[PDB]
Every structure is written in C-alpha cells, then in structure tokens.
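>>> Quick one, what's the 3D model for this:
(3 chains, ligands or ions: 4)
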Amino acid sequence: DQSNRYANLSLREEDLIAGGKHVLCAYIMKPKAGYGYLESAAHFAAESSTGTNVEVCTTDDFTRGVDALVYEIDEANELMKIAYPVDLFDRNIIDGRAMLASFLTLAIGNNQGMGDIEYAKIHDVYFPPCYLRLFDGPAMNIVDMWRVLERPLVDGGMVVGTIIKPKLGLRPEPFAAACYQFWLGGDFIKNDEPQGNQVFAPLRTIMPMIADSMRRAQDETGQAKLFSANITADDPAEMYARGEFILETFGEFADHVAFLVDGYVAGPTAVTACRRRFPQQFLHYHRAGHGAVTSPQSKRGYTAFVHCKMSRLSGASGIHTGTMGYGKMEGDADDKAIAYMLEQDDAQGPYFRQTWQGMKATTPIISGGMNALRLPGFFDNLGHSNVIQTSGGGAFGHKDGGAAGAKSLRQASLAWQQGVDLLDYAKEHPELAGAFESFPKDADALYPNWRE
Amino acid sequence: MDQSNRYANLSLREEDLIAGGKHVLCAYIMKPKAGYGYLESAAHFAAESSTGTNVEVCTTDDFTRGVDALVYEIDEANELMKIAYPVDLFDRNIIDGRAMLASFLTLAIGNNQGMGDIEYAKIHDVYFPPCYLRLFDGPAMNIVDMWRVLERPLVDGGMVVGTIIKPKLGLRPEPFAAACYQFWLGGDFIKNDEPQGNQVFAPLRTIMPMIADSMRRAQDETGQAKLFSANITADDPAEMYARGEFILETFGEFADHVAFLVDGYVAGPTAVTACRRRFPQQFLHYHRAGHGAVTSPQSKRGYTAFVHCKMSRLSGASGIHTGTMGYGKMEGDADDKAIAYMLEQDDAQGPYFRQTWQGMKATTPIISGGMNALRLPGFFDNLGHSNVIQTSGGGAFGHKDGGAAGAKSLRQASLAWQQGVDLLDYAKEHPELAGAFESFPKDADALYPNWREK
Amino acid sequence: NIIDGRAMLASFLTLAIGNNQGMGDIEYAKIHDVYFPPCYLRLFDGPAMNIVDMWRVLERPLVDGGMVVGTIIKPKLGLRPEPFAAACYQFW
Ligand SMILES: O=C(O)[C@@](O)(COP(=O)(O)O)[C@H](O)[C@H](O)COP(=O)(O)O
Ligand SMILES: O=C(O)[C@@](O)(COP(=O)(O)O)[C@H](O)[C@H](O)COP(=O)(O)O
Ligand SMILES: [Mg+2]
Ligand SMILES: [Mg+2]
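Numbering: from 1, shown residues only, chains lettered A, B, ... in the order given. Ligands and ions are numbered 1, 2, ... in the order given. Shown next is the structure:
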C-alpha cells in the first residue's frame, strides 16, 4: 500500500490547473479482484512516475517532490485522476523541446501491464501552458490548401477529396488515369494508407505520372489540384528520400503536395520526422490501427479524442477524426468535440477545458464510407463544412465514374452550405442525381422518395 | 455488400499456402457485430486489409483481384479467422528495396481495427515466408555480444545479472551515479528506467560522464566488465542520433559496453529502426512500455504479446522484454515461454504457425517485472535455460543491505539454479543470498516456507 | 527552387534592381514600392515566429502584449566574457 505517498485527495483540481505545473490525466480504471481502489490508483501513479512495487534504499525527499499524485477518485464510476509534475517529462538535448514519447511512456506505458489492474484508459488530459509551449505544434492547416485553391482563408469551405481505390493493385498507368479523372471535378487526392512502393507500382515510376495528371487536370479545369503522398517507412532515411523525390518530381507544384504518415503504426517518431524535416509541407496524419485502443469496445490505452488531441502537439496539419457515426467505422455524433478541440483556441473535453495559447489548429479529415448522400447529415451535426473530406467508394463507386463522383461530392457540399435539401438540389445537377442511383440503399434510408 | 465470393476461398489448404512461400498468413480471433454474418464480415475484413472497400469501384481490374487478401479458414463457433496476404501487397524501400514493418501493420492490423461491422479482431499468430522474412533487417547483436565482453562462454554463457536504477524518476546525477557504482560491484548490467533521459533535474550531458566514471571505477575494483543500457528514445530522430553520439563519445574506450534502449511501442517501429540502422554495432534494447494496451489478454483487439515480440525480431531488436511468464508483477502466463523460444531459435512453434528463420540472428529475452533472487529459480524451471538478460529494480535496491548486496543475491540465486542447488541450501553459505529472504519475507514465505528455521 | 519549387528573393532583386542600376543612360533609379500578387507571394517562406512567441514565453497577452523591454550589450565590442555576462545579468 503506497496510498499515503502517491494519493492526495485533498488537492483541488482548480488549484492544480491554476498552478500550471501539472499535466492532469483522467482515467477510467478498475482494479483486479482483491485489490482496493485507492491502493490500486496509488500504485498506478507510482509505476507511472517514480515508484515500483516495493520500497528501495535510493529514494530521497527530492524524488518524492516529483511524484505523480492521485487527487480524485470515484470508485462507483471507475474514475481516477492523476497529476503529473511537469518536471517528470523528457526534454531534447539538441533544442530543449518536449517530446510526446515521454508523455506516453509515463501516462500510458508500463501501467498498461500491471497485474493488479484490470484495465485503465485515458479519456482526457490537460496540458499546462509551460508544457504545451514546448511542443512543435502544427505548422500548416487547411488554410494553406485554401490559399493554393484561392478560396477564403477563413471559412473557405469543404476541400473535395477522395482516396484512390483499389486500396492496392492499381498499376502506375491506371492509377494516374484515375487521378486525372477525379481532379476533373475534385480538389484533393490522397494515397490510400498502404500505397507506396509496391513492386507492381514503384514510387519512382508512379509519381511522375501522378504529377502529369495534376498538371493536365489543372490546365483543363483552370483550378489548382492537391495531392497527399504516403511516405511512411521504418527508416527515417527512407521517409526523407521519398519526400525529397516527390518534391523534385512535382517541381513548381510541390506546394500542392501533402505528406501522409501512418502515425499510429509507425509512431510519433515517424510523425515528428516528417514534421521537422518537411515543415513547409502539409502533414497528413493517417491513424490506421488506432481502433486497437480507441474503440469503445476497449477499456485500455486512450480514446480517439485523446489520440487526436496529442496529434496537434506532434504537429499534424490534419488528422482523421472519423465520420462521428455517419460512416462505416466506429464513431459517435458526440465526436464533434474532437473537431472543436483540434481547430479552436479554446474548447471543452470530457473532463478538462483546454486553451492553446495560439498554437495553430489541426484540420479534421473526414473519411470512411462517406458519399454525397451522407454529407448533409454529417455536417448538420458538426455545424460547419470547413474540413477536408475524402470519399473513396463515394467517388469511384459512382456509376458515371470518378469525375462525376467528384462533382457529386462537391454539389453535396454547396447544397448544405446554402440550406437546400439534397433531393431538391439533385433535380438540377445530374452528377448528384447519379449518386442517388449509385448508392440506392443509402438513398432509400436518407431520402426515401428519391425515385419519384 | 457480401464480398465472400471474391475475398474468401475456403478451399485453399494452409499447407499449400505455406509451401508456395508467397503469402503472409495471419490468424485472428474475430467476432462480427450483431446482425452480420461471420464469413461476409471476414471477407469485408480481408478487403479493408488489402485491396477493397465497402462498395464496388469502377477502377477494379483483374490484376487488382490477383493480389486480394483471401480468407482461407474460418471457425465461427470459435471466432477464428485466417487470412492470406500476397507478399506483393507490402511496401518496400526506394533506397534499398528492403521490407518495412510499418506496412505489414498498416494492412494486417490497421483500418480493420475500426470497422463498424466488427466487434473485435486480434492477431494471435503470423507466418512470414522466406522471401518476405529475408527482406527485414533482423537483429545485428545478441546476448552473445554481451557474453563476449564479459569474457563468458559464447554458448550457454548464462544469465546477465542486471537491474534498473530506481527510483524510476527523481534521482539527481550524483546519487544516480553512486547507485550505479554500488550495483556494478556485484552485478553486470544496468539499464535506465524506461522514461529516464534528460529531465531538468538530471540532464543527460551531466549524468552520462558520471555513469561512465562509475563504470570505470567498478571495472577497476572488480576486474570485470560492466554494461549499461542508455535510453535514447525521442520524437525527433535527430535527437536520437544526438543522444547516441554523445553517449558513445562520453564512454570512449568502453562505448561497446553501452546498449541503446528504445521505448519501441510508444515511439513506434520508426524509432526502433532509426536506432537499429544508425547504431547497428550497439546492442538494441527494445522496451515495450505501453504494449499492454493491446497485448493484455483482457483486450480482444490488436495483437498478442507473442506477435509483438516476434515482430521485434524483424525490426532487429537485440533483446526485448518477454515478461515474467506469470512469475512477476506484470501480466503473464507460464505458457509465454513460447515467446522466448520463438525469439531465440531458428525453428520454433507458434500458436498456429511453425516458423523457420533461415539463420536470422536471434533476439534475447529480457526478464523483468517485480523479480528478485527468490523468484528466479521457479521462473527458469519453466523456461528450461538461463541464457537471458535479467533486470530486477526492487529486487536489487530493495535488498535490506543495499544494491551491491542485491546484485550478489541475484547472481548467487542464478548460479544456484544453474548447478541444481536448492536456493535455501545455497543461502546457507552465501550471506548476500540469505539477506534476500529477509528483504522480501512475503515471497520467502510462499516460495520457501521453512526459510526461517534453516 | 529545383528542390521544392519555392520562390527566391534573390531572383527578384536580380531583375527588379540588378543590372538596371549600372545602365549608362540612366542617372538613377530607386524602388519606392512593390506589389506581390498572391500566386507569387504564396511561394515565399514567410515568418515562422513573431513577438507573439515572445509574449507567450513571457506569459503575457498574445494580443496587445505590450513592449518587450530590451537592450543591446554595450560597448559594441571589447567586453570580455566575464563583464559581458555580468552586464547581461544586471539588465535582466
Ligand atoms: O480505407 C478506408 O477505409 C478509408 O479510405 C475509407 O474508405 P472509403 O471512403 O473509400 O469508403 C479511410 O481511410 C478510413 O475511413 C480511415 O479511417 P478513419 O477515417 O476512421 O481514420
Ligand atoms: O518500470 C518497471 O516496472 C521495470 O523497470 C521493472 O522494475 P522492477 O524490477 O523494480 O519491478 C520494468 O520496466 C518492467 O519490468 C517492464 O515490464 P515488462 O518487462 O513486462 O515489459
Ligand atoms: Mg484508406
Ligand atoms: Mg522500467
């Protein structure tokens, strides 16, 4: 029992916040059978800061000053809050900046394997100014795409995008062909998360072809076109080489290219590798694999809200927030709070209010089983459409091709921005009307009388 | 949309798929959500893990279908799902054509973990065929390199007696270096606790020269080489490189006594590979802090500890924490010994797949987590050998007589097991080991009830 | 740039105020204003930090944070390290 040392329930959360010297974390935790709640929380805090499972002869009074402390519990609700003194976290020797790997190592590291704990999951975290100030933060935003697209730099509207489908299998020539088609009616194309340098579609062969499709589509449409290329790799040198080659290839239009990183499976080190080597390129955070812990089915790790929040510290220009229940992946309408926390200077989490002291915003990237017919309902819940939207099947699954699917996705956006029913808007826009016939199951559910 | 006709081929024989050597096989424990058929859900699973989506797209061609991932076995009653991944699906480096673990994870355990029609899915085993396994870095060093520096036999050299500098955080540079010197008087190996680095109260540039001094002094008085494992984990690879370069420079003539520790689960495979490829001649100490978020048996998602450790060998970890197999404080079971065998043998058996490694270098298990002198004999009885790196933080500095005594007790206990001498009989003629019983009486009572009257 | 396609101020100077400053038939010429259209201005790096970053570190308001009280170490040259560091501490 280490409760006397690592537990101080007499501390008030409002004082700990006002002090600005603690990183607060709200966990949903349940001990194993035969273990008390507070005793378990104190051991949790010990193994997440300075302690072990026994007393050691090397502990001194200074060590006790940086102990993480349990300052609030609710056994009936399985709630536990721990305050981490900021001095616990690692710092770079090259520039003294903070690092996300240290926060994860402590707040959600060895404590996920303790035997006396059934589970524990982070649902919120408060970063004080002196800590948040040390993180890279985003360097670019959807604002940078709006600028290239010559759109309003505030409330510039939805960026009409897609994902090249098939996820894998398209050889270079058909790949660039599909890119050209979508860009005839769309703005943004991203690599599907695993596309890179497969033997049947080498990167050095496909990228010059994608650049040509961009140049052609730009000349025929008179509009700028954006791309997002996957550079994820185990070796940072491979990431750099991919980024360099892609920039030289796209040449004068290199500022039209975002860099995608599978940051959850590759890790924050991959994300920060791209963030610091290519700060002038839009960092597209793809969260493939996050569901292993973020799913509500899981009681361990951290929630999607916390995952996306930490991505703003790492410096993502945009990150996938999910369809918030309107797509094919797990999500809830209340996930709108994730978007607000990423784009605003002041927003509310499940437990903690967070100010960002002017740190740049991260743009929500909405994707996953979406199409023209599903966008109005999704935006009614979010409250605005100033997001990046990518619909793979929603565009190429269009019976009339990707170019019409792109136009249908755009038309769906304007229909919502102006408060016009999608069916009423579909009578004067064949591409949108074709989406209804392309996805009749969705049409029957969202607009029952569409055939008439 | 039922996609079983395309992504499901239950007529394929697993033995043929392994014989062909052209598919990565994965065995999942998967349960669909209510109202979704098992096979149709599994077909969708394979589609979102290879070439497909949730609707038909006009871009699909016959070539695409050729590289589809295929469900070749399902046991609905037992929630089993096996998928075969054509090796051509996975990404390759443009600089050297080598494989990357990030791509395998993106496909085999990426977006499929967020599908709304699946309740959960967890990988329990994976088979890598030769043509794919051959493309991974694999380990460059081993406990054999530690045995060589320690001037011990390079086969069955025995346990490396190690510890973790406790407190986990808070020890300033001077007491830190003092605890290091004391343990090395009786021990072999010291590792940073997983979060120790460049805290403002213990700067790296200040503490590292003191650790090297403690290493030098201990080596001079004991006439034995001493090892240290330094944490270099960071978000920025430039920081990782800077730390490694400074540490190697500081240790100078004893730079080969230093291992580099990387918190590979939270920092990711990119941090592990960054160290593996920049410092291939320094022992790579993979620390898995955070892994329990998926590997815990309580979790039905992600991958098991067995799968996590097996992949660490592909990334090139010289050693990784396999857990205490139920004999320590962390979660584990005695059957986790299969993890060690899969890491250190050229031919081992997994829960579903037998794996040969074609001479790829072994990864050494690291045993840690609430261990001490009393708990080691039972753990090695279950493993069958003591060729591991053992670190006991509380087991060493929790000794009533200090860290030095704790180190001797750990070594003495290991020798006791290696020569088949009961621990209590060994304590009769080794005071340091005897003190370990009094230091941890709750453990002495359980594992050696009659320790007091003897 | 061939490495990233960005603009370079050097090219602007070379053309707008380069060889034209040595012509024999011109007594003098001096730029008093210049307009950069969006498609050109958008290709420049632009500032990455501001006084806002200074206000943040000083824990001041990020809008209308006020004057940053500063000095230049004098003598311009000749202060050895010890007195130089002593002058720094005094002003801070
Ligand atoms: O492969 C996919 O599954 C997607 O392209 C959606 O496909 P479609 O749009 O083509 O149907 C998105 O990447 C995922 O939704 C990513 O997950 P999240 O948004 O949840 O990060
Ligand atoms: O912080 C800790 O808990 C440890 O230093 C153990 O300290 P003690 O020896 O004092 O218990 C190790 O990191 C864990 O053993 C890692 O767990 P695993 O090896 O299972 O990944
Ligand atoms: Mg995708
Ligand atoms: Mg540790």
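>>> right, and residue A:225 touches residue A:183 too?
Yes. Counting by Cβ atoms under 8 Å, residue A:183 is a contact partner of residue A:225 at 4.5 Å. Quick note: C-beta positions are derived from backbone N, CA and C, even for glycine.
>>> shared neighbours, those two?
Jointly contacting residue A:225 and residue A:183 under the rule Cβ atoms under 8 Å, 6 or more residues apart in numbering or on different chains are A:189, A:214, A:217-218.
>>> if I look at the residue of the stretch 201-350 of chain A found nearest ligand 1, how far off is residue A:189?
Checking the stretch 201-350 of chain A residue by residue against ligand 1 with Cβ to the nearest ligand atom singles out residue A:320 as nearest, at 3.2 Å. Here the criterion is Cβ to Cβ, to the nearest Å. By it, residue A:320 lies 16 Å from residue A:189.
>>> thinking again about what came up before, just put the shared contacts of residue A:225 and residue A:183 in a markdown table and tack on neighbour count.
A markdown table is the format used below for the shared contacts of residue A:225 and residue A:183 (neighbours: other Cβ atoms under 10 Å in any protein chain shown):
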| residue | neighbour count |
| --- | --- |
| A:189 | 27 |
| A:214 | 23 |
| A:217 | 23 |
| A:218 | 15 |
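>>> Take those residues and keep only those in strands.
residue A:189 (DSSP state E).
>>> Looking at the shared contacts of residue A:225 and residue A:183, which one is closest to chain B?
For chain B, the nearest member of these is residue A:189. The distance, counting by Cβ to the nearest Cβ, is 12.5 Å.
>>> Touching, that closest one and residue A:227? I think so.
Yes. With contacts defined as Cβ under 8 Å, residue A:189 counts as touching residue A:227 at a distance of 5.3 Å.
>>> Next, show the common contact partners of the two.
Contact criterion Cβ under 8 Å, 6+ apart; residues bridging residue A:189 and residue A:227 by contacting each: residue A:179.
>>> Next up, phi/psi of residue A:80, please.
Taking degrees, to the nearest 10, you get phi -150, psi 130 for the backbone angles of residue A:80.
>>> so what's it bridging to?
Taking DSSP bridges, one obtains residue A:27, residue A:73 as the residues bridged to residue A:80.
>>> My read is that it contacts residue A:30, right?
No. Under the criterion of Cβ under 8 Å, residue A:80 lies out of contact with residue A:30, with a separation of 9.5 Å.
>>> Find residues that contact each of those two.
Residues touching both residue A:80 and residue A:30 by Cβ under 8 Å, 6+ apart: residue A:120.
>>> more neighbours, these two?
Using other Cβ atoms under 10 Å in any protein chain shown as the criterion, residue A:80 and residue A:30 rank with residue A:80 on top: 27 against 16.
>>> contacting residues around that one?
Residues counted as contacts of residue A:80 (Cβ under 8 Å, 6+ apart) are A:26-29, A:37, A:41, A:44, A:70, A:72-74, A:120.
>>> who in the stretch 101-250 of chain A is up against ligand 1?
Taking Cβ under 6 Å from any ligand atom as the criterion, the neighbours of ligand 1 within the stretch 101-250 of chain A are A:163, A:165, A:167, A:192-193.
>>> same thing but 8 Å
Taking Cβ under 8 Å from any ligand atom as the criterion, the stretch 101-250 of chain A approaches ligand 1 at residues A:162-163, A:165, A:167, A:192-193.
>>> Now tabulate the residues you listed in a markdown table and tack on neighbour count, secondary structure and distance to residue A:129.
Written out in a markdown table, the entries for those read as follows (neighbours: other Cβ atoms under 10 Å in any protein chain shown; DSSP: H, G, I helix; E, B strand; the rest coil; distance: Cβ to Cβ, whole Å):
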| residue | neighbour count | secondary structure | distance to residue A:129 |
| --- | --- | --- | --- |
| A:162 | 29 | strand | 39 |
| A:163 | 24 | strand | 38 |
| A:165 | 28 | coil | 44 |
| A:167 | 25 | coil | 42 |
| A:192 | 23 | coil | 39 |
| A:193 | 24 | coil | 34 |
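>>> out of the residues you listed, who's nearest residue A:416?
residue A:162 (18.2 Å; Cβ to Cβ).
>>> quick one: that closest one and residue A:403 touch, right?
No. The pair formed by residue A:162 and residue A:403 falls short of the contact definition of Cβ under 8 Å, at 10.7 Å.
>>> if I look at the two, which residues touch both of them?
Between them, residue A:162 and residue A:403 have A:182, A:186 as joint contacts when contacts are counted by Cβ under 8 Å, 6+ apart.
>>> Residue A:204 reaches residue A:242, doesn't it?
No. Under the contact definition of Cβ under 8 Å, residue A:204 does not touch residue A:242, with a separation of 9.8 Å.
>>> Name the residues of the stretch 51-200 of chain A found near chain C, please.
Residues of the stretch 51-200 of chain A that fall close to chain C, judged by Cβ under 8 Å from any Cβ of the partner chain: A:129, A:133, A:139, A:147-148, A:150.
>>> residues in contact with the residue in the stretch 101-250 of chain A that ligand 1 sits nearest to?
Residue of the stretch 101-250 of chain A nearest ligand 1, by Cβ to the nearest ligand atom: residue A:163 (4.1 Å). When the contact criterion is Cβ under 8 Å, 6+ apart, the partners of residue A:163 are A:189-192, A:367, A:390-392.
>>> again, only using 7 Å
Counting by Cβ atoms under 7 Å, 6 or more residues apart in numbering or on different chains, residue A:163 touches A:190, A:192, A:367, A:390, A:392.
>>> Ok, residue A:286 next?
Residue A:286 is in contact with A:193, A:260-263, A:320, counting by Cβ under 7 Å, 6+ apart.
>>> quick one, phi psi at it?
Per-residue torsions, residue A:286: phi -100, psi 130 (degrees, to the nearest 10).
>>> before we move on, which element is the residue nearest the centre of chain A in?
Per Cα atoms, centre = their mean, the C-alpha nearest to the average position across chain A is that of residue A:319, at 2.8 Å. Secondary-structure element containing residue A:319, defined by DSSP states H and E: strand A:318-320.
>>> ok, residues contacting that strand?
Defining contact as Cβ under 7 Å, 6+ apart, one finds that strand A:318-320 is touched by A:142, A:284-287, A:308, A:311, A:362-363, A:365, A:367, A:388.
>>> now the helices for the stretch 1-150 of chain A?
A:3-6, A:13-19, A:37-47, A:61-65, A:100-107, A:129-132, A:142-148 (DSSP state H, counting those that start in this stretch).
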